[PDB]
Structure formats: structure tokens, C-alpha cells
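This report refers to the structure that appears directly beneath it.
Here the Cβ positions follow ideal geometry from the backbone for every residue, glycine too, while neighbour counts run over all protein chains shown. Each answer follows from the model by the rule given with it, or from the source it names; these are not laboratory values.
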Amino acid sequence: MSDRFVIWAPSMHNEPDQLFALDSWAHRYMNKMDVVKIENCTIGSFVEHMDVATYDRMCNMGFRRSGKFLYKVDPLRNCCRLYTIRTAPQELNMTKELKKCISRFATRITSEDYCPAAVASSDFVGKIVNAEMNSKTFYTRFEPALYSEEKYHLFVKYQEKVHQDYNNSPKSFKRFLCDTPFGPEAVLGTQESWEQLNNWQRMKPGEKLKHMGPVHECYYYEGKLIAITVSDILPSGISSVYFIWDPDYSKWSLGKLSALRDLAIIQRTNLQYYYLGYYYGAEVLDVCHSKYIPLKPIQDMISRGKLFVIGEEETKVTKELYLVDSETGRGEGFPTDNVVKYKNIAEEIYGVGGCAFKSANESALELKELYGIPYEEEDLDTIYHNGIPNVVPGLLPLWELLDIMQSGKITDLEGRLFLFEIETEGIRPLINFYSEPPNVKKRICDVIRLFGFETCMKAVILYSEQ
């Protein structure tokens, strides 16, 4: 039925300071601009089926999904960096640009008969809700992420007049915002769970929200469709896929209004977090730890789209940091009061002199020579010049992968992992990792390095040789 993670073998995809992750690299390559160029490149996997608990985990590993494509950015080599951000309704610093946004929303959707019922000065949920229930002109409908003409036509308009994007077809809209790697129950649900989500303003703290999975939230004003939020509703909260709005309603700040509404929906449905990616008392994911760190101390760096690795700097590390497989993607945080202050140690691992590289290459040599897995030395010289790189922040470091081979842990996949060579009959159990051919071991390594050993134990890997 669902707990199986059914995925195509992962790979580097084409395109699904300011451009350098570390000042190390920028300093030695700008005055020398013309000789290099920098990829735009995702790493990821086409997912045929996954449940939403697993995607919740992948989310908190810093993955996002575009349609059925589960992916992340190489935070070291790519021209731009993606940050996974989570916020809760209560950590939202209610600035006034937000308070103004909410306030004009309220007056536009309400009448003149009534006005804010002694609501608190920054209770954005209370104003948002009670304005909406005392409104005759504005509402929203949560519905299944399914194609329709009205939705596509608004999408096209938003794409053209807000992104100068004339590359639209229904097929392309379908693939991006209606195709999902989830099963039919998570997509279509039941009338009763749709009816409860659409009554989220009437939900109280006892209640547990029943619909989990992808949704389209349609905004209607005076019977006209003016925005669509595409969102994944997960056990821990809401992950934001995309937001479409009509250019005509630009002076509504529908971008900001949607985010607050999403958070008010988080609160009233007794869910926990709102996940932005796509970039306050927010928290940003350190992917080298797979934990969150409070945002404001290191806005110093997302400001400049820069790669950061939180550390204490008691020594200068000599290896990429150790990821605990039970702990990855669980959204743990760092400790609150540390005797040390946290420094960003990314240059000592991943910069020009960085330790990660020869440690990777020494392991690739043992990976190939001792276990017959085709890894080879990369980046000995710089990182700017096939497949997933040996060193990628947030992927399992090779020295650690190598310990799975050498300890025998790798054989734990024997009897749990399945392989689907798509030109053969069909699925076959993994019976002897070491007796598999090299390009199969490599794929298994890649899934391990990317989605983690636990998830790989419930994986079915689709591949075609040659």
C-alpha cells in the first residue's frame, strides 16, 4: 500500500560574491571570471510513490518537490543556494508591513456594518479569521491538486505577467502542480476530511486535522478566482510548493497575505510548522547537521546567499561532520544555551583549502578498490570545471558511507531493499550487495548518501542500465 519509498535512481539534473557559496572560492575566481562558469544544477530523484510521512522527513532534510521530482540544490557548487526555513505561528515577528497588509485585507473583504471586534493589536490570526467569517465577498476553498481550466488560465496569466514566462502548456502545469508522488488516498481524500479542512476556522485545539497530502487552496473574490496556493499538508505542518496570484490584484500583497493565512491555518488546525524553502523568529536548516538553527543570528549569510556550517571551533575539523541516520530529517535543533558561541565552519570543510576534498578522495579509492563501487577522485584542484559529486554538503560524506561498507552494515539492506531494472521482468530482492554489479552498488550508495540509510531500507530503486 504505502510505506515503500519507490524512486528512480537519483541523478544530477539540468535546471529544475553572490554566486559562490564561500568567499574562499569567490576570492580566487572573480578577477578570473571568464575562464569558469558555474552550473545551475539540482540533485534529485523522480519519485513514483512515497507516503507523506516520508516526504515530511525528506522536507526536513532540505528536499523540495517539483511535481514528482524530489530534489535539492548542491549548496556548494550551484549559482544560487536554497535554504529550508520553518516558522511557527507564534514565532512570527509581526512587523508593520505585515500588520498593514492584514489590515487593508480585512477592510476590503468586510463590510462597513461591522469592524474589528476589539481584536488584539497583533493577533493576526484573530483578525484574519473573524474578518473572513464576517465577509460576503472573499473566501477560499481547499480542493484536490487536480487540473482545471480556470486554475490553468490563472496560472498562465501569473506566469506571463509576473515571471515573463511564456513556456506554458497544460501538460507543463499538470506535471508541476497536479502530479504528485503520493497515492490516490492522499490526493483525493474523503469528502469528510475535505469538509473539515475547509472549516479550519471553526477548529479548536482538541481536534486533529485529518487531511494529509497535497492541496490547491483557491482564493475567490466577488466570485472571481484571484489566487492559488499549492501546499503539501504534512504531519508536522504545511510545506509550500508554489503560489499563483492574478497580476491585477497586485496591490493586495497576496504573496504576504497568503503566508500569514497559511500560518493562521497552521495554528487553528493544531499543526506545528510552516516550511518555506524557496529562499522573523524563523529557523533555517543546517544540512550538514540536519538540525535547525534560529534564523536571525545568521541572516548575516542568507542575506549574501552563502553556505554556512554551524560549529563550535574547539579544533578545526578534519572531516565532514557525522550525520546520525536515526536523527536526520527529524527536525531537531541545536542546543539553546551553549557555553561556546556558534561559528560558521564551512570554509574549513568546503572552501579552497577545505578538508572535505582529500578525505573524500581517499575514501573513493577504498570504495572502489575494496568494495568494487565505481567512485573516483574528483575536484583535486578546484571544484569548478559526471554524476553526483563526491563532496556535497548535506549528502552523507564518503568516509561515513565507507564505514557502512566496512562494518557490514551495508548487508542490512539485504532483504529489505528492492531493485527494479526496468528492462527486465520486474522487481527483485537485493540478495547479496557485494555480488551486485558496480553500477547497481553505486546507485544504492547514491540513494543512501541522499535520502539516508533508514529510508533506503524501505526503497524500491528503478533503473535502466545503458
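Some notes on this structure:
- Scan of the stretch 195-217 for residues that are within 19 Å of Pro144 (Cα to Cα) and among the acidic types (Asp, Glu), ordered by number: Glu195, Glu217
- Test: residue in the stretch 396-405 that is touching a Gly at 6+ places or on another chain (Cβ under 8 Å), closer than 20 Å to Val324 by Cβ and assigned by TED's automatic domain parsing to the domain that holds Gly372: yes
- Where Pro235 falls short, out of the listed (1) assigned by TED's automatic domain parsing to the domain that holds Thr110; (2) crowded, with 18+ Cβ neighbours inside 10 Å: (2)
- Only a single criterion out of (1) within 23 Å of the chain's Cα centre (by Cα); (2) within 28 Å of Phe105 (Cβ to Cβ); (3) aliphatic (A, V, I, L, M) is not satisfied by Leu154, namely (1).
- Pick from the stretch 436-466, criterion among the acidic types (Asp, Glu) and surrounded by fewer than 20 Cβ atoms within 10 Å (Cβ to Cβ), ranking: farthest from the chain's Cα centre (by Cα): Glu436
- Failed criterion for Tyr342 (all others in (1) within 28 Å of the chain's Cα centre (by Cα); (2) within 23 Å of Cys41 (Cβ to Cβ) hold): (2)
- Among the residues of this structure, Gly353 does not count as one that is closer than 21 Å to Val287 by Cβ and of a type in the set (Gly, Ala, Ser).
- Members of the stretch 281-303 found to be under 18 Å from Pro393 (Cα atoms), in a loop (DSSP other than H, G, I, E, B) and either of a type outside the set (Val, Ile, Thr) or out of contact with any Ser or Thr (no Cβ under 9 Å at 6 or more places or on another chain) (or both), listed by number: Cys288, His289, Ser290
- Summed over the stretch 1-36, the residues that are under 26 Å from the mean Cα position of the chain (by Cα) and among the polar types (S, T, N, Q) give a count of 4.
- For the stretch 260-273, filtered to residues that are assigned to a loop (DSSP other than H, G, I, E, B) and touching a strand residue (DSSP E or B) at 6+ places or on another chain (Cβ under 7 Å), the residue that is surrounded by the fewest Cβ atoms within 10 Å (Cβ to Cβ) is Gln272.
- Failed item, numbered, when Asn199 is tested on (1) out of contact with any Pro (no Cβ under 6 Å at 6 or more places or on another chain); (2) of a type outside the set (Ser, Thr, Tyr); (3) farther than 15 Å from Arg268 by Cα: (3)
- Scanning the stretch 124-140 for residues that are out of contact with any strand residue (DSSP E or B) (no Cβ under 9 Å at 6 or more places or on another chain) and surrounded by 14 or more Cβ atoms within 10 Å (Cβ to Cβ) returns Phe124, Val125, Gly126, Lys127, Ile128, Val129, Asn130, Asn134, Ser135.
- Among the residues of the stretch 160-192, just one is closer than 30 Å to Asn130 by Cβ and under 25 Å from the mean Cα position of the chain (by Cα), namely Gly189.
- Residue in the stretch 340-347 that is of a type outside the set (A, V, I, L, M, F, W, C) and more than 20 Å from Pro75 (Cβ to Cβ) present: yes
- Filtering the stretch 91-124 to residues that are in contact with a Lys or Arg (Cβ under 7 Å, 6 or more places away or on another chain) and of a type in the set (A, V, I, L, M, F, W, C) leaves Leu98, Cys101, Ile102, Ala106, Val119.
The rows are residues; the columns are (1) buried (at least 20 other Cβ atoms within 10 Å of the Cβ); (2) aliphatic (A, V, I, L, M); (3) closer than 26 Å to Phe176 by Cα.
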{"residue": "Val215", "(1), (2), (3)": "yes, yes, yes"}
{"residue": "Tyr219", "(1), (2), (3)": "yes, no, yes"}
{"residue": "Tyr275", "(1), (2), (3)": "yes, no, yes"}
{"residue": "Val284", "(1), (2), (3)": "yes, yes, yes"}
{"residue": "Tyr292", "(1), (2), (3)": "yes, no, no"}
{"residue": "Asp300", "(1), (2), (3)": "no, no, no"}
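- The requirement of being under 29 Å from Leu177 (Cβ atoms), more than 21 Å from the chain's Cα centre (by Cα) and crowded, with 22+ Cβ neighbours inside 10 Å is fulfilled somewhere in the stretch 104-111, by at least one residue.
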